(Lines of atoms letter the chains of each structure in order from A and count residues from 1; the text may use other names and numbers.)
(Lines give C-alpha, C1' and ligand atoms only; values in the text may rest on other atoms or scores of the structure.)
Protein backbone atom coordinates (compact mmCIF):
# COMPACT_ATOMS: atom_id res chain seq x y z
CA UNK A 1 0.00 0.00 0.00
CA UNK A 2 1.06 3.62 -0.67
CA UNK A 3 0.02 7.33 -0.36
CA UNK A 4 0.94 7.80 -4.07
CA UNK A 5 1.19 6.12 -7.51
CA UNK A 6 4.14 6.35 -9.89
CA UNK A 7 3.38 8.21 -13.14
CA UNK A 8 1.65 5.63 -15.44
CA UNK A 9 3.73 4.04 -18.22
CA UNK A 10 1.22 2.83 -20.83
CA UNK A 11 2.59 0.89 -23.81
CA UNK A 12 0.90 2.21 -27.02
CA UNK A 13 -1.00 4.71 -24.80
CA UNK A 14 -1.38 8.51 -24.75
CA UNK A 15 -2.44 10.51 -21.67
CA UNK A 16 -4.81 13.49 -21.91
CA UNK A 17 -2.70 16.68 -21.26
CA UNK A 18 0.53 14.55 -21.18
CA UNK A 19 2.86 17.58 -21.91
CA UNK A 20 1.74 19.11 -18.52
CA UNK A 21 3.19 16.28 -16.27
CA UNK A 22 6.68 14.83 -15.46
CA UNK A 23 7.47 11.04 -15.78
CA UNK A 24 9.15 10.76 -12.31
CA UNK A 25 6.40 12.68 -10.42
CA UNK A 26 4.61 11.06 -7.44
CA UNK A 27 0.93 11.22 -8.07
CA UNK A 28 -1.29 11.54 -4.90
CA UNK A 29 -4.12 9.08 -4.14
CA UNK A 30 -7.45 10.08 -5.69
CA UNK A 31 -5.85 11.78 -8.74
CA UNK A 32 -7.64 11.09 -12.02
CA UNK A 33 -5.99 10.73 -15.49
CA UNK A 34 -7.43 9.75 -18.88
CA UNK A 35 -5.64 7.62 -21.47
CA UNK A 36 -6.23 6.83 -25.13
CA UNK A 37 -4.56 4.18 -27.34
CA UNK A 38 -2.51 4.72 -30.54
CA UNK A 39 -3.93 3.75 -33.97
CA UNK A 40 -4.40 -0.10 -34.21
CA UNK A 41 -4.73 -0.42 -30.38
CA UNK A 42 -7.79 -0.35 -28.11
CA UNK A 43 -8.66 0.11 -24.41
CA UNK A 44 -10.52 -2.75 -22.54
CA UNK A 45 -13.91 -0.94 -22.76
CA UNK A 46 -13.19 0.25 -26.38
CA UNK A 47 -13.74 3.85 -25.12
CA UNK A 48 -11.56 6.47 -26.83
CA UNK A 49 -10.64 8.00 -23.39
CA UNK A 50 -10.43 5.78 -20.26
CA UNK A 51 -10.48 7.22 -16.74
CA UNK A 52 -7.77 5.86 -14.39
CA UNK A 53 -7.60 6.74 -10.66
CA UNK A 54 -4.63 6.57 -8.33
CA UNK A 55 -5.50 4.24 -5.42
CA UNK A 56 -3.53 2.78 -2.44
CA UNK A 57 -3.16 -0.38 -4.69
CA UNK A 58 -2.03 1.57 -7.81
CA UNK A 59 -3.85 2.75 -10.98
CA UNK A 60 -7.49 1.58 -11.19
CA UNK A 61 -8.54 0.18 -13.67
CA UNK A 62 -5.07 -0.98 -14.81
CA UNK A 63 -4.32 1.04 -18.03
CA UNK A 64 -3.96 -1.25 -21.09
CA UNK A 65 -3.77 -0.80 -24.89
CA UNK A 66 -4.51 -4.04 -26.76
CA UNK A 67 -3.57 -4.78 -30.38
CA UNK A 68 -6.37 -5.13 -32.96
CA UNK A 69 -5.83 -7.85 -35.63
CA UNK A 70 -7.68 -8.18 -38.92
CA UNK A 71 -7.73 -9.78 -42.38
CA UNK A 72 -10.54 -9.21 -44.95
CA UNK A 73 -10.22 -12.75 -46.44
CA UNK A 74 -7.66 -15.56 -46.99
CA UNK A 75 -6.48 -16.00 -50.59
CA UNK A 76 -6.61 -19.77 -51.43
CA UNK A 77 -8.19 -20.46 -48.04
CA UNK A 78 -11.13 -19.81 -45.71
CA UNK A 79 -11.72 -18.57 -42.17
CA UNK A 80 -14.84 -17.74 -40.13
CA UNK A 81 -12.72 -14.76 -38.92
CA UNK A 82 -12.49 -13.22 -42.45
CA UNK A 83 -13.57 -9.55 -42.29
CA UNK A 84 -13.70 -9.61 -38.45
CA UNK A 85 -11.51 -7.51 -36.13
CA UNK A 86 -9.86 -9.55 -33.33
CA UNK A 87 -8.42 -8.46 -30.00
CA UNK A 88 -4.95 -9.33 -28.54
CA UNK A 89 -5.32 -12.80 -26.95
CA UNK A 90 -7.77 -14.14 -29.57
CA UNK A 91 -7.03 -17.22 -31.69
CA UNK A 92 -8.25 -17.68 -35.24
CA UNK A 93 -8.44 -20.84 -37.41
CA UNK A 94 -7.61 -20.86 -41.14
CA UNK A 95 -8.29 -23.74 -43.56
CA UNK A 96 -6.27 -23.75 -46.81
CA UNK A 97 -7.40 -24.96 -50.23
CA UNK A 98 -5.90 -28.02 -52.05
CA UNK A 99 -2.15 -27.63 -52.66
CA UNK A 100 -1.92 -24.75 -50.14
CA UNK A 101 -0.82 -24.63 -46.49
CA UNK A 102 -0.45 -22.39 -43.46
CA UNK A 103 3.12 -23.40 -42.48
CA UNK A 104 3.31 -23.19 -38.65
CA UNK A 105 3.48 -25.88 -35.93
CA UNK A 106 0.37 -24.39 -34.20
CA UNK A 107 -3.35 -25.35 -34.65
CA UNK A 108 -4.31 -21.68 -34.17
CA UNK A 109 -2.98 -18.24 -35.24
CA UNK A 110 -2.91 -15.79 -32.32
CA UNK A 111 -3.45 -12.01 -32.24
CA UNK A 112 -0.40 -10.85 -30.28
CA UNK A 113 1.02 -7.39 -29.37
CA UNK A 114 2.91 -7.15 -32.72
CA UNK A 115 -0.15 -8.34 -34.69
CA UNK A 116 -0.82 -11.83 -36.13
CA UNK A 117 1.51 -14.52 -34.60
CA UNK A 118 1.79 -16.08 -38.10
CA UNK A 119 0.67 -14.25 -41.33
CA UNK A 120 -2.96 -15.19 -42.25
CA UNK A 121 -1.82 -16.54 -45.65
CA UNK A 122 -2.11 -19.91 -47.39
CA UNK A 123 1.12 -20.64 -49.33
CA UNK A 124 1.82 -22.93 -52.29
CA UNK A 125 5.21 -24.11 -50.81
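Numbering follows the first chain given and starts at 1.
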item	value
Stretch with the greater mean C-alpha B-factor as recorded in the entry, comparing 60 to 68 against 93 to 101	93 to 101
Of 75 to 83 and 41 to 49, the one with larger mean CA B-factor	75 to 83
Record-listed C-alpha B factor of residue 10: chain third	lowest
Residue 26 - which third its CA temperature factor falls in, relative to the rest of the chain	highest
